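Right, one structure below, let's go through it.
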Amino acid sequence: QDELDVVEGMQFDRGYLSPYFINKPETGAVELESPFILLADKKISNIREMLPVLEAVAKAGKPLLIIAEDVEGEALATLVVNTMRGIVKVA
Amino acid sequence: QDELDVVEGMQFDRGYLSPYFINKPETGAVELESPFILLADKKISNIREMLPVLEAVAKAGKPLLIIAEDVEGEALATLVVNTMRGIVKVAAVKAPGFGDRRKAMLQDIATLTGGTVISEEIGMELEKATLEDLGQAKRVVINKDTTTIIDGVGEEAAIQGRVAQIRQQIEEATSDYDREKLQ
Amino acid sequence: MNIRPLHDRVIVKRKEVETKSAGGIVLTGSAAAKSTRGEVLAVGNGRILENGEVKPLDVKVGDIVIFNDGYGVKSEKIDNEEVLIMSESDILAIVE
Amino acid sequence: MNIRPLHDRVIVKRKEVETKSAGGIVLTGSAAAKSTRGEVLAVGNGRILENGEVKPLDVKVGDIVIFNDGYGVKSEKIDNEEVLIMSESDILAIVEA
Amino acid sequence: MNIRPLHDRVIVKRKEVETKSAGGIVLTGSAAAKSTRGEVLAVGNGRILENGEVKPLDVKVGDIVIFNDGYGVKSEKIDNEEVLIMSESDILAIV
């Protein structure tokens with residue numbers, strides 16, 4: 001039997017590389033309200049000093065979205081552990 | 001005559017790197033009662049010092065099983081030499097399968113065995129941890145190739161929660177390859 | 001108990017890594033950095049060049065100082081924590 | 001067994017190897033981190049610096065000390081004894097307990 | 001703020017980054033463009049050498065100077081500002 005799907009907004013196929021980014025929404029779906037967007041021209045791995053800029057967003061109680069080519073192992077690990085412990089909501 | 005075998009609990013087909021793990025049971029049969037299971041992501045060569053964890057288990061005085069990337073021969077020598085000594089019985093195994101999914105199921109085993117989700121690829125350390133993080137199962141039986149658990153110490157509520165989590169993954173979309181393997 | 005060093009030899013206890021106040025904790029991992037803080041245990045006698053005899057000691061025990069970021073600082077294993085020993089000339093500044 | 005060294009050259013025996021007691025029942029592998037300490041067998045004759053000449057240092061025979069292990073020290077099994085000749089700056093810190 | 005260097009190595013804080021001067025009308029081009037000016041926070045009393053107890057600095061205190069940005073300068077973060085420790089070899093003309 002056929003099916004129909006309707007999609008609104010910008011949708012593309014990409015998932016979190018670390019399973020620890022499964023946020024408070026489990027069951028395969030993670031819905032986040034009031035997210036915010038960053039767009040950088042370069043891959044974002046080393047410079048981790050931008051944390052306060054997102055910190056003001058996080059401590060106000062609203063998540064953030066990151067669009068980067070890649071994050072290196074250590075910065076990715078500390079971001080993941082920060083999200084897992086609950087310091088910041090990061091997608 | 002057909003052969004009927006039942007393999008219950010947790011089992012994986014990996015062999016011990018050191019033959020000296022021949023246990024008290026004859027024919028090299030290996031058995032451990034209520035050991036401590038631990039997870040690691042590194043081959044322990046450079047640090048060469050699990051000794052804080054080793055001595056924590058020694059004062060705990062109970063057998064142990066470790067899962068890691070590998071153990072170098074230098075650490076292997078004392079890890080096997082020390083097991084003889086009778087201080088702590090330690091069983092070391094190779095990674096059963098492909099990285100991400102195998103690690104994912106190791107965490108499921110740890111939850112089953114009462115262990116904690118332990119991945120060295122995050123901010124926590126191998127030697128920096130709490131002794132209760134080690135998971136325990138009543139009996140584990142180990143031979144040259146097969147390692148099996150009869151019954152472990154875990155909450156059935158958490159096991160059923162993981163079952164519910166994996167219910168949708170039973171189907172997924174890959175179908176042929178994913179479905180039967182996951183089931 | 002303090003191990004007494006010879007002249008121009010300073011022993012300190014390194015201070016553990018502090019997490020930044022930027023965000024809830026926020027911890028690094030296997031990320032070494034210069035020991036900018038440490039507690040001095042003992043100090044060398046000094047320099048005896050041209051019969052230096054006894055020149056005054058630069059610092060007193062209990063002072064928090066900052067020293068050189070060089071490879072010559074040698075770590076040592078003792079009971080409980082380790083220590084770091086360097087030349088008495090390797091101090092860079094005094095905290096406060 | 002006691003032959004005199006000179007100036008910075010001081011003669012010391014390196015501390016015990018083969019970890020009989022250094023931590024648990026563990027055995028050291030080929031990777032050796034051992035005998036960072038020593039006990040001095042003797043010290044050199046003394047300094048020579050423009051009539052400052054020889055000034056005895058705070059280390060005398062039999063002192064259990066912590067030293068610097070580097071290329072500056074020469075190790076030899078002589079007089080049926082293992083011995084190491086190291087400089088004045090090769091000593092780190094001394095305590096007898 | 002209360003960090004006291006002594007002898008040779010003294011503390012100078014870096015001036016403003018991305019200065020307006022470079023490029024003329026346009027701002028400093030963000031391609032390996034490093035200025036060499038900064039103001040000294042504190043200095044030591046002097047250097048003990050050849051029986052001289054103190055080698056007092058002709059260098060003023062708290063004044064901005066030019067500096068040589070080489071290996072001798074070591075930048076450390078105090079109070080969330082980066083200040084460089086180095087001897088008088090790398091400190092250039094007084095401004």
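Each chain in the structure tokens gets a letter, A, B and so on, in the order shown; residues start at 1 in every chain, and ligands are counted from 1 in the order they appear.
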Next on the checklist: Residues of chain D within 10 Å of chain C, counting only C-alpha atoms - could you list those as an MDAnalysis selection string?
Outcome noted: chainID D and resid 36:37 49:53 55 57:59 65:69 88:89 91:97
Taking C-alpha atoms for each residue, export the selection above as a CSV table (one decimal), in the first residue's frame.
```csv
chain,number,residue,atom,x,y,z
D,36,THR,CA,64.9,6.9,40.7
D,37,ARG,CA,66.9,7.1,44.0
D,49,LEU,CA,86.8,28.2,41.7
D,50,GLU,CA,89.3,31.0,42.1
D,51,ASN,CA,90.5,30.3,45.6
D,52,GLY,CA,87.0,29.4,46.7
D,53,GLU,CA,88.6,26.0,46.0
D,55,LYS,CA,83.8,23.4,49.6
D,57,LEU,CA,78.6,19.9,50.0
D,58,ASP,CA,75.6,18.8,52.1
D,59,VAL,CA,76.0,15.1,51.0
D,65,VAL,CA,69.3,10.5,48.0
D,66,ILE,CA,67.2,11.3,44.8
D,67,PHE,CA,69.3,12.1,41.7
D,68,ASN,CA,69.0,13.0,38.1
D,69,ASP,CA,69.2,10.1,35.7
D,88,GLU,CA,77.1,18.1,41.2
D,89,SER,CA,73.8,19.2,39.6
D,91,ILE,CA,71.6,15.4,42.8
D,92,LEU,CA,67.9,16.3,43.3
D,93,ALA,CA,67.2,16.0,47.0
D,94,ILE,CA,68.5,14.3,50.1
D,95,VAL,CA,66.8,12.9,53.2
D,96,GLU,CA,67.8,10.2,55.7
D,97,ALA,CA,64.8,8.6,57.4
```
Next on the checklist: I need the residues of region 5-54 of chain B that end up classed as strand (DSSP E or B) by DSSP on the backbone, written out as a list in words.
Outcome noted: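 Of region 5-54 of chain B, only residues 11, 12, 13, 30, 31, 32, 33, 36, 37, 38, 39, 43 and 44 of chain B fall in strand (DSSP E or B).
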If you keep N, CA, C and O atoms, can you produce a file of those selected residues as a PDB file, in the first residue's frame?
```pdb
ATOM      1  N   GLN B  11      26.764 -14.423  25.924  1.00  0.00           N
ATOM      2  CA  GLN B  11      27.831 -15.236  25.366  1.00  0.00           C
ATOM      3  C   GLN B  11      28.466 -14.511  24.193  1.00  0.00           C
ATOM      4  O   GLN B  11      27.781 -13.841  23.416  1.00  0.00           O
ATOM      5  N   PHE B  12      29.782 -14.649  24.080  1.00  0.00           N
ATOM      6  CA  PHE B  12      30.505 -14.185  22.909  1.00  0.00           C
ATOM      7  C   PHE B  12      31.645 -15.146  22.604  1.00  0.00           C
ATOM      8  O   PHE B  12      32.176 -15.819  23.495  1.00  0.00           O
ATOM      9  N   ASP B  13      32.015 -15.198  21.326  1.00  0.00           N
ATOM     10  CA  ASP B  13      33.027 -16.131  20.841  1.00  0.00           C
ATOM     11  C   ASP B  13      34.345 -15.380  20.674  1.00  0.00           C
ATOM     12  O   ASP B  13      34.720 -14.950  19.583  1.00  0.00           O
ATOM     13  N   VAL B  30      37.381 -22.897  32.446  1.00  0.00           N
ATOM     14  CA  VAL B  30      37.501 -21.670  33.224  1.00  0.00           C
ATOM     15  C   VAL B  30      36.135 -21.323  33.796  1.00  0.00           C
ATOM     16  O   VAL B  30      35.131 -21.346  33.077  1.00  0.00           O
ATOM     17  N   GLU B  31      36.097 -21.010  35.087  1.00  0.00           N
ATOM     18  CA  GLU B  31      34.866 -20.634  35.763  1.00  0.00           C
ATOM     19  C   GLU B  31      35.143 -19.503  36.740  1.00  0.00           C
ATOM     20  O   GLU B  31      36.163 -19.513  37.434  1.00  0.00           O
ATOM     21  N   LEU B  32      34.242 -18.522  36.783  1.00  0.00           N
ATOM     22  CA  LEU B  32      34.337 -17.434  37.750  1.00  0.00           C
ATOM     23  C   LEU B  32      32.978 -17.186  38.385  1.00  0.00           C
ATOM     24  O   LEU B  32      31.972 -17.046  37.682  1.00  0.00           O
ATOM     25  N   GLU B  33      32.959 -17.135  39.712  1.00  0.00           N
ATOM     26  CA  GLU B  33      31.748 -16.887  40.482  1.00  0.00           C
ATOM     27  C   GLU B  33      31.722 -15.427  40.915  1.00  0.00           C
ATOM     28  O   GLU B  33      32.632 -14.966  41.612  1.00  0.00           O
ATOM     29  N   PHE B  36      33.891  -9.228  38.573  1.00  0.00           N
ATOM     30  CA  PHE B  36      33.644  -7.821  38.294  1.00  0.00           C
ATOM     31  C   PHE B  36      33.976  -7.556  36.836  1.00  0.00           C
ATOM     32  O   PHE B  36      35.125  -7.728  36.426  1.00  0.00           O
ATOM     33  N   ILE B  37      32.990  -7.139  36.052  1.00  0.00           N
ATOM     34  CA  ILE B  37      33.194  -6.911  34.628  1.00  0.00           C
ATOM     35  C   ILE B  37      33.454  -5.428  34.408  1.00  0.00           C
ATOM     36  O   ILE B  37      32.832  -4.571  35.047  1.00  0.00           O
ATOM     37  N   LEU B  38      34.413  -5.130  33.536  1.00  0.00           N
ATOM     38  CA  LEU B  38      34.782  -3.753  33.258  1.00  0.00           C
ATOM     39  C   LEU B  38      34.968  -3.571  31.758  1.00  0.00           C
ATOM     40  O   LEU B  38      35.260  -4.520  31.030  1.00  0.00           O
ATOM     41  N   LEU B  39      34.785  -2.331  31.304  1.00  0.00           N
ATOM     42  CA  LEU B  39      34.869  -1.964  29.896  1.00  0.00           C
ATOM     43  C   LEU B  39      35.977  -0.941  29.699  1.00  0.00           C
ATOM     44  O   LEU B  39      36.141  -0.033  30.520  1.00  0.00           O
ATOM     45  N   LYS B  43      44.225  -0.011  24.307  1.00  0.00           N
ATOM     46  CA  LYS B  43      45.219  -1.051  24.523  1.00  0.00           C
ATOM     47  C   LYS B  43      46.211  -0.561  25.570  1.00  0.00           C
ATOM     48  O   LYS B  43      46.891   0.448  25.364  1.00  0.00           O
ATOM     49  N   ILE B  44      46.300  -1.280  26.687  1.00  0.00           N
ATOM     50  CA  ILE B  44      47.047  -0.810  27.856  1.00  0.00           C
ATOM     51  C   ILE B  44      48.510  -1.172  27.620  1.00  0.00           C
ATOM     52  O   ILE B  44      48.988  -2.239  28.008  1.00  0.00           O
TER      53      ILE B  44
END
```
Item to check | DSSP alpha helix (DSSP H) residues within region 44-86 of chain A, listed as a PyMOL selection string | outcome: chain A and resi 51-59+73-85
Item to check | Straight-line distance linking CA of residue 81 (chain D) with CA of residue 43 (chain D), stated in Å to one decimal | outcome: 16.3 Å
Residues of chain C that have any atom at most 9 Å from an atom of chain E: could you tabulate them with the shortest-distance atom pair and the distance in Å to one decimal, using only C-alpha atoms, ordered by chain and increasing number, as CSV?
```
residue,atom,partner,partner_atom,distance
C:36,CA,E:76,CA,8.3
C:49,CA,E:50,CA,8.8
C:50,CA,E:50,CA,7.8
C:52,CA,E:51,CA,8.2
C:55,CA,E:53,CA,9.0
C:69,CA,E:74,CA,8.7
C:92,CA,E:5,CA,6.5
C:93,CA,E:5,CA,4.2
C:94,CA,E:4,CA,5.6
C:95,CA,E:3,CA,5.0
C:96,CA,E:2,CA,4.8
```
Next on the checklist: Give me the residues near residue 28 (chain E) as a list in words, where near means some atom within 6 Å (using only C-alpha atoms) and where sequence neighbours in that chain fewer than 5 positions away do not count.
Outcome noted: residues 18, 19, 20, 22 and 23 of chain E
Can you write out the residues you just picked, keeping N, CA and C atoms, as a PDB file, in the first residue's frame?
```pdb
ATOM      1  N   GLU E  18      43.589  43.097  16.953  1.00  0.00           N
ATOM      2  CA  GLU E  18      42.937  43.599  15.740  1.00  0.00           C
ATOM      3  C   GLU E  18      42.938  45.129  15.720  1.00  0.00           C
ATOM      4  N   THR E  19      44.145  45.688  15.735  1.00  0.00           N
ATOM      5  CA  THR E  19      44.307  47.133  15.770  1.00  0.00           C
ATOM      6  C   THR E  19      43.801  47.771  14.481  1.00  0.00           C
ATOM      7  N   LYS E  20      43.382  49.029  14.595  1.00  0.00           N
ATOM      8  CA  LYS E  20      42.882  49.785  13.456  1.00  0.00           C
ATOM      9  C   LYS E  20      43.991  50.243  12.517  1.00  0.00           C
ATOM     10  N   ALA E  22      46.704  48.838  11.046  1.00  0.00           N
ATOM     11  CA  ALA E  22      47.084  48.040   9.888  1.00  0.00           C
ATOM     12  C   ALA E  22      45.998  48.090   8.822  1.00  0.00           C
ATOM     13  N   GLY E  23      46.426  48.188   7.565  1.00  0.00           N
ATOM     14  CA  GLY E  23      45.521  48.349   6.450  1.00  0.00           C
ATOM     15  C   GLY E  23      45.159  49.780   6.123  1.00  0.00           C
TER      16      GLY E  23
END
```
Item to check | Test item: chain C residues at most 9 Å from chain B, counting only C-alpha atoms, as number ranges by chain | outcome: C: 27-30
Writing out the chosen residues with N, CA and C atoms as a PDB file, in the first residue's frame:
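Saved to part-v3.pdb:
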```pdb
ATOM      1  N   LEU C  27      34.912  20.059  32.009  1.00  0.00           N
ATOM      2  CA  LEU C  27      36.157  19.373  32.304  1.00  0.00           C
ATOM      3  C   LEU C  27      36.842  18.936  31.016  1.00  0.00           C
ATOM      4  N   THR C  28      38.166  19.084  30.993  1.00  0.00           N
ATOM      5  CA  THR C  28      38.978  18.589  29.889  1.00  0.00           C
ATOM      6  C   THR C  28      39.395  17.152  30.175  1.00  0.00           C
ATOM      7  N   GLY C  29      40.338  16.621  29.402  1.00  0.00           N
ATOM      8  CA  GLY C  29      40.802  15.268  29.637  1.00  0.00           C
ATOM      9  C   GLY C  29      42.086  14.934  28.910  1.00  0.00           C
ATOM     10  N   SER C  30      43.072  14.440  29.662  1.00  0.00           N
ATOM     11  CA  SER C  30      44.401  14.140  29.132  1.00  0.00           C
ATOM     12  C   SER C  30      44.977  15.346  28.394  1.00  0.00           C
TER      13      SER C  30
END
```
Mind dumping a table of every chain D residue within 7 Å of chain B, with the nearest atom pair and its distance in Å to one decimal, using only C-alpha atoms, sorted by chain and rising number, as JSON lines?
```
{"residue": "D:24", "atom": "CA", "partner": "B:55", "partner_atom": "CA", "distance": 6.8}
{"residue": "D:25", "atom": "CA", "partner": "B:82", "partner_atom": "CA", "distance": 6.8}
{"residue": "D:26", "atom": "CA", "partner": "B:78", "partner_atom": "CA", "distance": 6.0}
{"residue": "D:27", "atom": "CA", "partner": "B:78", "partner_atom": "CA", "distance": 5.6}
{"residue": "D:29", "atom": "CA", "partner": "B:74", "partner_atom": "CA", "distance": 5.2}
{"residue": "D:30", "atom": "CA", "partner": "B:74", "partner_atom": "CA", "distance": 6.8}
```
Next on the checklist: Could you tell me which residues of chain A sit within 12 Å of chain C when counting only C-alpha atoms, and give me the result as number ranges by chain?
Outcome noted: A: 48-60, 73-89
Print the selection's residues with C-alpha atoms to a file, as a compact mmCIF listing (two decimals), in the first residue's frame.
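Saved file again39.txt follows:
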```
# COMPACT_ATOMS: atom_id res chain seq x y z
CA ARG A 48 36.84 25.98 22.23
CA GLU A 49 36.83 29.51 23.66
CA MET A 50 33.46 30.28 22.03
CA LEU A 51 31.84 28.40 24.93
CA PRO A 52 30.69 31.57 26.79
CA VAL A 53 28.85 32.71 23.66
CA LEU A 54 26.75 29.56 23.73
CA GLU A 55 26.81 29.53 27.55
CA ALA A 56 24.62 32.63 27.74
CA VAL A 57 22.20 30.76 25.47
CA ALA A 58 22.32 27.62 27.61
CA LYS A 59 22.04 29.26 31.02
CA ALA A 60 18.96 31.09 29.75
CA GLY A 73 38.17 14.17 19.52
CA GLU A 74 38.82 16.11 22.72
CA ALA A 75 36.46 19.02 22.02
CA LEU A 76 33.77 16.62 20.84
CA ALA A 77 34.25 14.50 23.96
CA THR A 78 33.99 17.45 26.35
CA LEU A 79 30.93 18.80 24.51
CA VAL A 80 29.29 15.37 24.65
CA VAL A 81 30.02 14.95 28.36
CA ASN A 82 28.75 18.48 29.02
CA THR A 83 25.49 17.62 27.25
CA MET A 84 25.22 14.23 28.99
CA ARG A 85 25.76 15.68 32.46
CA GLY A 86 23.19 18.33 31.53
CA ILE A 87 25.27 21.53 31.48
CA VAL A 88 24.21 22.50 27.95
CA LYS A 89 21.71 21.30 25.36
```
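Residues in contact with residue 9 (chain D) at 6 Å, where only C-alpha atoms are counted and same-chain residues fewer than 2 positions away are skipped, are listed as residues 5, 6, 7, 44, 85, 86 and 87 of chain D.
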Let me see the file: selected residues, C-alpha atoms, as a PDB file, in the first residue's frame.
```pdb
ATOM      1  CA  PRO D   5      86.106  10.877  42.544  1.00  0.00           C
ATOM      2  CA  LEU D   6      86.763  14.567  41.897  1.00  0.00           C
ATOM      3  CA  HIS D   7      84.857  17.855  41.671  1.00  0.00           C
ATOM      4  CA  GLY D  44      84.306  14.180  44.611  1.00  0.00           C
ATOM      5  CA  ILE D  85      79.552   8.783  38.351  1.00  0.00           C
ATOM      6  CA  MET D  86      77.328  11.858  38.162  1.00  0.00           C
ATOM      7  CA  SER D  87      77.719  15.618  38.378  1.00  0.00           C
TER       8      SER D  87
END
```
Checklist entry - CA of residue 15 (chain C) and CA of residue 37 (chain C), how far apart in Å? => result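 Going from CA of residue 37 (chain C) over to CA of residue 15 (chain C), I get 5.7 Å.
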Checklist entry - What does the distance from CA of residue 79 (chain D) to CA of residue 3 (chain D) come to in Å, to one decimal? => result 9.7 Å
Checklist entry - Using only C-alpha atoms, which residues sit within 9 Å of residue 67 (chain B) once same-chain residues fewer than 2 positions away are excluded, as a ChimeraX atom specification? => result /B:37-41,65,69-70,91-95,106
Long-range neighbours of residue 31 (chain A) as a PDB file with C-alpha atoms, in the first residue's frame, 12 Å cut-off, only C-alpha atoms, 3 positions minimum in chain:
```
ATOM      1  CA  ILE A  22      20.152  11.035  22.781  1.00  0.00           C
ATOM      2  CA  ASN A  23      18.555  13.805  24.810  1.00  0.00           C
ATOM      3  CA  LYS A  24      15.629  13.756  27.249  1.00  0.00           C
ATOM      4  CA  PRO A  25      13.417  12.767  24.279  1.00  0.00           C
ATOM      5  CA  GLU A  26      14.057   9.048  23.811  1.00  0.00           C
ATOM      6  CA  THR A  27      12.110   6.588  21.609  1.00  0.00           C
ATOM      7  CA  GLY A  28      14.089   7.580  18.512  1.00  0.00           C
ATOM      8  CA  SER A  34      13.597  27.344  20.814  1.00  0.00           C
ATOM      9  CA  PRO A  35      16.888  26.183  19.255  1.00  0.00           C
ATOM     10  CA  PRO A  63      19.265  24.916  23.254  1.00  0.00           C
ATOM     11  CA  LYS A  89      21.706  21.295  25.356  1.00  0.00           C
ATOM     12  CA  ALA A  91      22.633  19.563  18.725  1.00  0.00           C
TER      13      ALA A  91
END
```
May I have a table of the residues of chain B lying at most 10 Å from chain A, giving each one's closest pair of atoms and their distance in Å to one decimal, counting only C-alpha atoms, ordered by chain and ascending residue number, as JSON lines?
```
{"residue": "B:100", "atom": "CA", "partner": "A:19", "partner_atom": "CA", "distance": 9.4}
{"residue": "B:104", "atom": "CA", "partner": "A:19", "partner_atom": "CA", "distance": 8.7}
{"residue": "B:121", "atom": "CA", "partner": "A:77", "partner_atom": "CA", "distance": 7.1}
{"residue": "B:122", "atom": "CA", "partner": "A:77", "partner_atom": "CA", "distance": 5.2}
{"residue": "B:123", "atom": "CA", "partner": "A:78", "partner_atom": "CA", "distance": 6.3}
{"residue": "B:124", "atom": "CA", "partner": "A:81", "partner_atom": "CA", "distance": 8.8}
{"residue": "B:164", "atom": "CA", "partner": "A:27", "partner_atom": "CA", "distance": 8.7}
{"residue": "B:165", "atom": "CA", "partner": "A:27", "partner_atom": "CA", "distance": 6.4}
{"residue": "B:166", "atom": "CA", "partner": "A:27", "partner_atom": "CA", "distance": 9.2}
{"residue": "B:167", "atom": "CA", "partner": "A:27", "partner_atom": "CA", "distance": 9.8}
{"residue": "B:168", "atom": "CA", "partner": "A:27", "partner_atom": "CA", "distance": 8.4}
{"residue": "B:169", "atom": "CA", "partner": "A:28", "partner_atom": "CA", "distance": 9.3}
```
Output of the above residues as a PDB file, in the first residue's frame, restricted to N, CA and C atoms:
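Dumped everything to out17.pdb:
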```
ATOM      1  N   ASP B 100      31.210   0.312  16.740  1.00  0.00           N
ATOM      2  CA  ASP B 100      30.113   1.076  17.330  1.00  0.00           C
ATOM      3  C   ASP B 100      29.028   0.163  17.890  1.00  0.00           C
ATOM      4  N   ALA B 104      27.908  -0.656  21.715  1.00  0.00           N
ATOM      5  CA  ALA B 104      26.535  -0.414  22.136  1.00  0.00           C
ATOM      6  C   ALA B 104      25.971  -1.622  22.867  1.00  0.00           C
ATOM      7  N   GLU B 121      36.177   6.624  25.569  1.00  0.00           N
ATOM      8  CA  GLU B 121      36.202   7.709  24.597  1.00  0.00           C
ATOM      9  C   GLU B 121      35.427   8.937  25.058  1.00  0.00           C
ATOM     10  N   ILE B 122      35.094   9.023  26.343  1.00  0.00           N
ATOM     11  CA  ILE B 122      34.447  10.182  26.927  1.00  0.00           C
ATOM     12  C   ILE B 122      35.333  10.685  28.067  1.00  0.00           C
ATOM     13  N   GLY B 123      34.885  11.749  28.733  1.00  0.00           N
ATOM     14  CA  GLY B 123      35.702  12.438  29.719  1.00  0.00           C
ATOM     15  C   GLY B 123      36.156  11.584  30.886  1.00  0.00           C
ATOM     16  N   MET B 124      35.485  10.468  31.161  1.00  0.00           N
ATOM     17  CA  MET B 124      35.898   9.633  32.279  1.00  0.00           C
ATOM     18  C   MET B 124      37.140   8.823  31.915  1.00  0.00           C
ATOM     19  N   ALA B 164      12.356  -2.488  25.180  1.00  0.00           N
ATOM     20  CA  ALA B 164      11.450  -1.543  24.537  1.00  0.00           C
ATOM     21  C   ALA B 164      12.210  -0.591  23.625  1.00  0.00           C
ATOM     22  N   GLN B 165      13.390  -0.146  24.063  1.00  0.00           N
ATOM     23  CA  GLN B 165      14.218   0.723  23.232  1.00  0.00           C
ATOM     24  C   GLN B 165      14.639   0.029  21.946  1.00  0.00           C
ATOM     25  N   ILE B 166      14.894  -1.277  22.010  1.00  0.00           N
ATOM     26  CA  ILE B 166      15.403  -2.003  20.854  1.00  0.00           C
ATOM     27  C   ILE B 166      14.263  -2.598  20.032  1.00  0.00           C
ATOM     28  N   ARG B 167      13.020  -2.484  20.511  1.00  0.00           N
ATOM     29  CA  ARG B 167      11.874  -3.016  19.776  1.00  0.00           C
ATOM     30  C   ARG B 167      11.740  -2.388  18.396  1.00  0.00           C
ATOM     31  N   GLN B 168      11.844  -1.062  18.307  1.00  0.00           N
ATOM     32  CA  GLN B 168      11.745  -0.431  16.997  1.00  0.00           C
ATOM     33  C   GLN B 168      12.965  -0.740  16.146  1.00  0.00           C
ATOM     34  N   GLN B 169      14.130  -0.887  16.775  1.00  0.00           N
ATOM     35  CA  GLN B 169      15.316  -1.289  16.041  1.00  0.00           C
ATOM     36  C   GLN B 169      15.226  -2.722  15.538  1.00  0.00           C
TER      37      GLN B 169
END
```
